[PDB]
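S.K.: Could you work out the structure for the sequence below:
(one chain, ligands or ions: 3)
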Amino acid sequence: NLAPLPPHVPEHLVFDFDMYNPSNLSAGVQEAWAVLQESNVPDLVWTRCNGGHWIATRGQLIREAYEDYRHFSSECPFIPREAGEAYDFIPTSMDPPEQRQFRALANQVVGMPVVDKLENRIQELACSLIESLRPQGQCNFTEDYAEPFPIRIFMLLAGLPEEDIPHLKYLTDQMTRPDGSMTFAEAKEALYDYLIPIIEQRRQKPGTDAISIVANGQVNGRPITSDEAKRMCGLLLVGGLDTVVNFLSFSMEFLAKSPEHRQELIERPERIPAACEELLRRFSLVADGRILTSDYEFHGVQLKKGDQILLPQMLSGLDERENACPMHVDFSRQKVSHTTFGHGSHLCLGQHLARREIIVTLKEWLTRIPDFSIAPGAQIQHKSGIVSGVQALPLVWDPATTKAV
Ligand code: HEM
Ligand SMILES: CC1(C)[C@@H]2CC[C@@]1(C)C(=O)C2
Ligand SMILES: [K+]
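M.R.: Residues are numbered from 1 along each chain as shown. Ligands and ions are numbered 1, 2, ... in the order given. Next comes the structure:
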């Protein structure tokens, strides 16, 4: 379904890329998005898919747009427009100056000071989950580790029951990779339906969990409102349930398919942090955007106020202009350039927790299960959206080659 071409968009810039179901998805989602960087494609194109929107295809433009919030507003950050308009999470739906005050509060619940504190719980859960899987010689990685590890850590931090995960995970997924049964607005309202009573309960009787902290927090000297707290907690839930969860699967899929890279990290464990960064570049997975605040000429293209522009965070690091041999995974890559965690004033606030979860996973998995592979005859299928992922990741290994710590 292609939307009618707006009067100001020239046909030579039309490239009908569908961010929710890209044409070359079978080759891997990053590969599918990379088609936007083929020689015949302009730096900035217009797709008639998903209501019609621009797409910046090179790191230079992506970075410039994320820095220029005066022209590229985060008030409507998602495609399609209905989703971008319903999207009201804090701080993401706000532009500076208003946005700034809320970042400090979010940092208090998912920032570094919180990670170093959860250190032991994170370490222990990773080891427990992996040791239980180790003797089985197989696992469905997405449901057996990728989901439970980061999600249970988030539910613990947020003080929410693990039995609520199926419902919350479903809702979160409808906001990033909708199956069609719910509009973004309906999923958002359902998430708020869940959160409102909890936020009120915790404003009445404060706990030490993340929701209590946000709900009773202050923003630049004054009390946060119940509405603001809800809009912030909603965002934290999405971040905890649909980011690292997907990234871990892209990384494990790659390691399962590349014995040489596994051996490198097994023989030189000190390279894991660097490997984490290279994997974050190669398997970057987020793509949201902004809305034009006024008519603006950007890199020779006339943009109109109201136009939506997708600025794929995923593409910067895959841009050959930023990293040579972009599809290659080089743990010794000198300068790892990427915008995987964003760029500009909205730089990811959960990246410290994310890196910890990634590094702990790499270390603890390779320590116990150094040799593993994709299950016999399995064809790994990816899924695309605001956050891309892996549909299923069946892995196998010989228990005799494992180590119980
Ligand atoms: C692999 C893991 C992750 C990736 C790739 C990632 C990526 C991003 C990106 C690209 C943005 C910028 C969005 C924009 O500019 O519209 C962002 C913002 C944010 N992220 Fe993450 N993220 C990850 C994990 C997390 C986690 C685990 C949390 C906490 C639960 C988190 C919390 C946030 C928050 C609160 C913001 C909003 C910052 C603002 O709008 O000021 N993220 N993230
Ligand atoms: C684009 C993001 C990855 C970032 C954290 C969760 C997410 C889906 C948002 O809505 C802001
Ligand atoms: K909005």
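S.K.: can you list the residues that contact stretch 17-31?
M.R.: 32-33, 35-36, 45, 47, 49-50, 55, 79, 177-178, 250, 282-285, 287, 310, 314, 318, 327, 381-385, 388-389 (Cβ atoms under 8 Å, 6 or more residues apart in numbering). Any C-beta I mention is one placed from the backbone N, CA and C, and that applies to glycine too.
S.K.: do that stretch and ligand 2 meet at all?
M.R.: No - using Cβ under 6 Å from any ligand atom, stretch 17-31 stays clear of ligand 2, coming no nearer than 12.5 Å.
S.K.: and the end-to-end length of that stretch?
M.R.: Using Cα to Cα, to the nearest Å, the end-to-end distance of stretch 17-31 comes to 13 Å.
S.K.: Begin at 15, not 1, for the rest of this chat.
M.R.: Let's use 15 as the start, then, which means that last one is stretch 31-45.
S.K.: List the buried residues for it?
M.R.: Using 16 or more other Cβ atoms under 10 Å as the test for burial, stretch 31-45 gives 31, 32, 33, 34, 36, 39, 42, 43, 44.
S.K.: Stretch 16-25 too?
M.R.: Under 16+ other Cβ under 10 Å, the buried positions of stretch 16-25 are residue 23.
S.K.: And stretch 72-82, by the same measure?
M.R.: 72, 73, 75, 76, 77, 78, 79, 80.
S.K.: Now intersect those residues with the strands, please.
M.R.: With DSSP state E as the criterion, strands contain none of the buried residues of stretch 72-82.
S.K.: Sort out for me which of those are in helices.
M.R.: Secondary structure from DSSP state H places 73, 75, 76, 77, 78, 79, 80 of the buried residues of stretch 72-82 in helices.
S.K.: any idea how far residue 165 is from the most centrally placed residue in the chain?
M.R.: Centroid-nearest residue in the chain, with Cα atoms, centre = their mean: residue 257, separated by 3.8 Å. Relative to residue 165, residue 257 is positioned 11 Å away (Cβ to Cβ, to the nearest Å).
S.K.: Just give me the neighbour total for residue 407.
M.R.: 25 (other Cβ atoms under 10 Å).
S.K.: Surely it and residue 158 touch.
M.R.: No - Residue 407 is not in contact with residue 158 according to Cβ atoms under 8 Å; the separation is 9.2 Å.
S.K.: Check the gap between residue 55 and residue 62 for me.
M.R.: 15 Å.
S.K.: between the two, who's got more neighbours?
M.R.: Neighbour comparison, residue 55 and residue 62: the larger count goes to residue 62, with 19 against 16 (by other Cβ under 10 Å).
S.K.: tell me the contacts of the nearest residue to that one once chain neighbours are set aside?
M.R.: If the residues on either side of it in the chain are set aside, residue 62 comes closest to residue 16, at 3.8 Å by Cβ to Cβ, 6 or more residues apart in numbering. Residue 16 sits next to 30, 62, 63 when contact means Cβ under 8 Å, 6+ apart.
S.K.: overlap between those residues and the residues near ligand 1?
M.R.: Counting by Cβ under 6 Å from any ligand atom, no member of those reaches ligand 1.
S.K.: Narrow the buried residues of stretch 31-45 to those in helices?
M.R.: Using DSSP H, these in helices are 43, 44.
S.K.: Throw the buried residues of stretch 31-45 into JSON lines and include distance to residue 141, thanks.
M.R.: Formatted as JSON lines, the entries for the buried residues of stretch 31-45 read as follows, by distance: Cβ to Cβ, whole Å:
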{"residue": "31", "distance to residue 141": "42"}
{"residue": "32", "distance to residue 141": "41"}
{"residue": "33", "distance to residue 141": "37"}
{"residue": "34", "distance to residue 141": "37"}
{"residue": "36", "distance to residue 141": "37"}
{"residue": "39", "distance to residue 141": "35"}
{"residue": "42", "distance to residue 141": "30"}
{"residue": "43", "distance to residue 141": "30"}
{"residue": "44", "distance to residue 141": "30"}
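S.K.: Closest one of the buried residues of stretch 31-45 to ligand 2?
M.R.: residue 33 (12.5 Å; Cβ to the nearest ligand atom).
S.K.: Which residues does stretch 126-138 contact?
M.R.: Looking at what lies outside stretch 126-138 - Cβ under 8 Å, 6+ apart - the contacts are 122, 167, 170, 171, 224, 366, 367, 370, 371, 374, 378.
S.K.: Now with 6 Å, please.
M.R.: 167, 366, 367, 370, 374 (Cβ atoms under 6 Å, 6 or more residues apart in numbering).
S.K.: Which single one of those residues is nearest to ligand 1?
M.R.: Nearest member of the contacts of stretch 126-138 to ligand 1, counting by Cβ to the nearest ligand atom, is residue 367, at 4.9 Å.
S.K.: any idea how far ligand 2 is from the closest one?
M.R.: According to Cβ to the nearest ligand atom, to the nearest Å, residue 367 and ligand 2 sit 12 Å apart.
S.K.: what does residue 396 give?
M.R.: 17 Å.
S.K.: if I pick that residue, what's in contact with it?
M.R.: Applying Cβ under 6 Å, 6+ apart, the residues contacting residue 396 are 42, 43, 404.
S.K.: got a list of what the residue in the stretch 215-364 of the chain positioned nearest to ligand 1 touches?
M.R.: Closest residue of the stretch 215-364 of the chain to ligand 1, Cβ to the nearest ligand atom: residue 364 (2.1 Å). Applying Cβ under 6 Å, 6+ apart to residue 364 gives the contacts 124, 253.
S.K.: Now it. Its backbone dihedrals?
M.R.: Main-chain dihedrals, residue 364, degrees, to the nearest 10: phi -100, psi 10.
S.K.: In stretch 399-417, which of the residues would be classed as buried?
M.R.: 399, 400, 401, 402, 403, 404, 407, 408, 409, 411, 416.
S.K.: And residue 153, its phi and psi?
M.R.: Torsion angles, degrees, to the nearest 10, at residue 153: phi -170, psi 160.
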